[PDB]
Amino acid sequence: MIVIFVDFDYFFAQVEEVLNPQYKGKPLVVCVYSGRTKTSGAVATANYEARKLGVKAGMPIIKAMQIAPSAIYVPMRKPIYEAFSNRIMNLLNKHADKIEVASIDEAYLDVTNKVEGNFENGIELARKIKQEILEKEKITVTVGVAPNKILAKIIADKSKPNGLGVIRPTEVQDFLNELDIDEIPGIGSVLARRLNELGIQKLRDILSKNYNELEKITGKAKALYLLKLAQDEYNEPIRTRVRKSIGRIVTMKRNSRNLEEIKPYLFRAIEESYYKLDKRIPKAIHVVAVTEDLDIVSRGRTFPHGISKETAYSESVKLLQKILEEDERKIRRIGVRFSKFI
DNA sequence: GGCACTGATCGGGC
DNA sequence: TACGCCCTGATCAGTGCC
Ligand SMILES: Nc1ccn([C@H]2C[C@H](O)[C@@H](COP(=O)(O)OP(=O)(O)OP(=O)(O)O)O2)c(=O)n1
Ligand SMILES: [Ca+2]
Ligand SMILES: [Ca+2]
Ligand SMILES: [Ca+2]
Ligand SMILES: [Ca+2]
């Protein structure tokens, strides 16, 4: 198969740059403000100029403002980004036999038939795709072209930003032999270190470790995944992913263990979650609590039937009481998640 | 044993 | 040092069952 993977550069910040071109070429940080104070929150993303200053996604805004105090800080406006994304996914769709929208930011296109199996016309289709997104939306993206999804994504990530990475069928075997473990999607920093400690630094090093010992360290799914990848037997099809859960979680004005203080937030979160569910009816509810130390504590329940908004209310309080009963810490954020849709 | 399911953790931007 | 919102999420121990 011939896969084109597309990944939008510094997405949220880039859209903000399209909407306010004066921000371009200067450090710009997109912030999620929690509302507790004026600066409390986290960084959703930063343009490359701000990343040069050390600004990272996930980082506390107050910490970003310390190392890059002259950056422009702006609030996240997720609906606009979703709108850009939707328009872009619609452009890609007409260039592909099958498309897998992986997230608001990225997609895989199977273009095998479309270019008559000719890999080099795939590259050109990838160039044509980048140019079109740039002309129509003023968004730069990075593209990876490869014989499978995983290699398409890896080479894309190596080519950022505004890149076009390529791995032809002839170079796959070679490429798999120098690939570092920490560069494989799905393998987090922790596991990569545990593998490194055991002498597993390259993907090819997976092939020489006893599989049963590997499974103990990585878990079965990751062990099968790594072994398939190492043997170039990864071939997963381009496929539409289905939404499995919908939720809402908010930061309270103050930490608390007071049921009556916490309840108004829990309920607003249910109201908003039900708006997002729309016609979906969930059989499972989970109440989620982020404690003062930023640990996450959850209690859930699956019903034999669908949960109406009013049942969600009553059951969510029972679950919240369960959390307060079984955990002694104060709660900073409170939310709900719904899943197991009929 | 192993299927089907469940509730819980917590990672990491899919 | 500080600290969001999201799950088109992965993982896995516990369970009842035949
Ligand atoms: N902790 C995070 C990480 C990411 N995102 C959102 C904002 C990102 O812009 C978007 C896309 O994620 P990416 O991993 O792809 O990172 P970027 O698009 O921002 O930058 P780039 O791909 O150029 O490295 O996801 C977020 O809300 N919170
Ligand atoms: Ca991405
Ligand atoms: Ca991106
Ligand atoms: Ca914990
Ligand atoms: Ca994950």
Side-chain angles (χ1 to χ4, degrees), chain A residues 5 7-8 10-12 29-46 56-67 75-79 81-82 85-86 89 99-108 149-150 153 156-157 185-192 215-216 218-225 236 238-252 255 265 269 272-273 276 280 282-304 319 322-323 326-327 332-341:
Chain A
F5 168 72
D7 181 310
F8 307 156
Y10 63 107
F11 190 44
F12 296 0
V29 187
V30 180
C31 297
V32 192
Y33 289 98
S34 62
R36 173 168 296 195
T37 80
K38 293 220 290 189
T39 51
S40 64
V43 172
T45 198
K56 269 184 285 183
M59 143 188 302
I61 296 165
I62 187 66
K63 185 172 71 180
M65 282 170 175
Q66 271 180 14
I67 54 175
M76 198 186 53
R77 293 193 282 177
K78 198 180 217 176
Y81 320 145
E82 293 180 346
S85 175
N86 292 339
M89 299 314 175
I99 184 170
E100 168 171 354
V101 179
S103 77
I104 190 185
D105 178 279
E106 79 189 43
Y108 300 85
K149 283 156 70 169
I150 289 292
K153 180 180 185 64
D157 287 339
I187 312 300
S189 292
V190 182
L191 173 58
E215 286 195 323
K216 310 292 168 286
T218 65
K220 282 173 181 300
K222 278 181 183 71
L224 172 57
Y225 170 67
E236 305 299 330
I238 306 304
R239 180 64 52 78
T240 63
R241 317 186 171 184
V242 184
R243 193 67 169 285
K244 295 295 211 60
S245 84
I246 290 165
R248 180 73 173 111
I249 179 159
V250 296
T251 295
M252 307 183 291
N255 295 349
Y265 298 97
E272 299 181 340
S273 299
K276 293 194 245 186
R280 289 184 262 234
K283 293 196 294 317
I285 178 173
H286 283 247
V287 168
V288 179
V290 174
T291 60
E292 50 189 329
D293 62 348
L294 299 190
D295 201 338
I296 311 141
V297 177
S298 307
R299 293 302 180 265
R301 186 179 175 194
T302 302
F303 288 79
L319 299 173
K322 219 167 177 306
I323 291 176
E326 296 171 16
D327 203 287
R332 190 186 171 86
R333 311 189 196 129
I334 186 69
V336 72
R337 297 184 58 188
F338 294 93
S339 55
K340 303 186 184 176
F341 302 144

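In the text below, chain A, chain B and the rest are named by the order of the sequence lines, each starting its count at 1. What's counted below: heavy atoms across the whole structure, side chains too, no hydrogens, waters or symmetry copies.
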> Under a 4.0 Å N-O cut-off, is there an ion pair linking A:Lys78 with A:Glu82?
Replying inline: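 Salt bridge between A:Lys78 and A:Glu82, a charged N being under 4.0 Å from a carboxylate O: no.
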> Do A:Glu100 and A:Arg239 meet the salt-bridge criterion of a basic N to acidic O distance under 4.0 Å?
Replying inline: no
Over how many whole Å does the gap from [X] atom [atom1] to [N] atom [atom2] extend?
X        : N      : atom1 : atom2 : answer
A:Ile249 : B:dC10 : CD1   : P     : 15 Å
A:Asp327 : B:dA8  : CG    : P     : 13 Å
A:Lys222 : B:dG12 : NZ    : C1'   : 11 Å
A:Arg239 : C:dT8  : CZ    : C1'   : 14 Å
A:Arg36  : C:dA2  : CZ    : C1'   : 12 Å
A:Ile187 : B:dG11 : CD1   : P     : 15 Å
A:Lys78  : C:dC6  : NZ    : P     : 6 Å
A:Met89  : C:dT8  : CE    : P     : 15 Å

Mind checking [X] for me? I need base, sugar-phosphate or nothing, with any heavy atom below 4.0 Å counting as a touch.
X        : answer
A:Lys276 : sugar-phosphate
A:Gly58  : base
A:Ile246 : sugar-phosphate

Pick the [atom1] atom in [N] and in [M], then give their distance to the nearest Å.
N      : M     : atom1 : result
C:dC5  : C:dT1 : P     : 22 Å
C:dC3  : C:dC7 : P     : 24 Å
B:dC10 : C:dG4 : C1'   : 15 Å
C:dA10 : C:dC6 : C1'   : 15 Å
B:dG11 : B:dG7 : P     : 22 Å

>> Can you work out whether A:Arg248 or A:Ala221 has the more 5'-proximal nearest nucleotide on DNA chain C?
In response: A:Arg248
>> Whether A:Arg301 engages the ring of A:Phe303 as a cation-pi pair (distance to the six-membered ring centre under 6.0 angstrom, angle to the ring normal within 45°) should be assessed.
In response: yes
Please determine, for the side chain of [X], which listed nucleotide ([options]) has the closest atom?
X        : options              : value
A:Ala42  : C:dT8, B:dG7, C:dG4  : C:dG4
A:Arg337 : C:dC6, C:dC7, C:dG4  : C:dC7
A:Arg241 : B:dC14, C:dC6, C:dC3 : B:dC14
A:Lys244 : C:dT8, C:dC3, C:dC5  : C:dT8
A:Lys153 : C:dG4, C:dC7, B:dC14 : B:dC14

> Would you say the side chains of A:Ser103 and A:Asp105 form a donor-acceptor pair under 3.5 Å?
Replying inline: no
> Side-chain donor-acceptor pair under 3.5 Å between A:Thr251 and A:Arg36, yes or no?
Replying inline: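 A:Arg36 and A:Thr251 do not have a side-chain donor-acceptor pair below 3.5 Å.
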>> Tell me whether A:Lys38 at atom NZ has more than 12 heavy atoms from other residues, nucleotides or ligands lying less than 6.0 Å away.
In response: no
> Counting only heavy atoms not in A:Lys56, do more than 12 fall under 6.0 Å of its NZ?
Replying inline: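 Atom NZ in A:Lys56 is not crowded, with 12 or fewer foreign heavy atoms closer than 6.0 Å.
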> Are the six-membered base rings of C:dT15 and C:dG16 less than 5.5 Å apart at their centres, with planes tilted under 30 degrees?
Replying inline: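 The answer, once centre distance and plane angle are checked, is that they stack.
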> Taking A:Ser245 as the fixed residue, which of A:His286, A:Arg337, A:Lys340 is the one that meets the side-chain hydrogen bond (donor to acceptor under 3.5 Å, both in side chains) rule?
Replying inline: A:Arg337
Contact check, side chains of [X] and [Y], non-hydrogen atoms, under 4.5 Å:
X        : Y        : value
A:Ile67  : A:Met59  : yes
A:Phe11  : A:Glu106 : no
A:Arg248 : A:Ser273 : yes
A:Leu224 : A:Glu215 : no

>> Does the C1'-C2'-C3'-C4' torsion put C:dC6 in the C3'-endo-side north group or the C2'-endo-side south group?
In response: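 Judging by the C1'-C2'-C3'-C4' torsion, which comes out positive, the sugar of C:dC6 sits north.
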> Any side-chain N or O of A:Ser34 under 4.0 Å from OP1/OP2 of C:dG4?
Replying inline: yes
> For B:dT6, does either OP1 or OP2 sit under 4.0 Å from a side-chain N or O belonging to A:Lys340?
Replying inline: yes
>> Tell me the closest heavy-atom pair linking A:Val288 and A:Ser298, and the distance in Å.
In response: CG2-OG, 3.9 Å
> Which heavy-atom pair separates A:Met76 from A:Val30 by the least distance, and what is that distance?
Replying inline: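 In terms of heavy atoms, the two residues are closest at CA-CG1, 3.7 Å.
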> Under a 4.0 Å heavy-atom cut-off, which of residues 99-107 of chain A touch DNA chain B?
Replying inline: A:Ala102, A:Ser103, A:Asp105, A:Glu106
> Does any residue of residues 296-304 of chain A have a heavy atom under 4.0 Å from DNA chain B, and if so, which ones, in number order?
Replying inline: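 Here the set is A:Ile296, A:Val297, A:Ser298, A:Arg299, A:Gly300, A:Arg301, A:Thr302.
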>> For DNA chain B, please output the secondary structure as dot-bracket, reading 5' to 3'. Pairs are Watson-Crick or G-U wobble, both atom distances under 3.5 Å; mark crossing pairs with [ ], other-strand partners with |, unpaired with a dot.
In response: |||||||||||||.
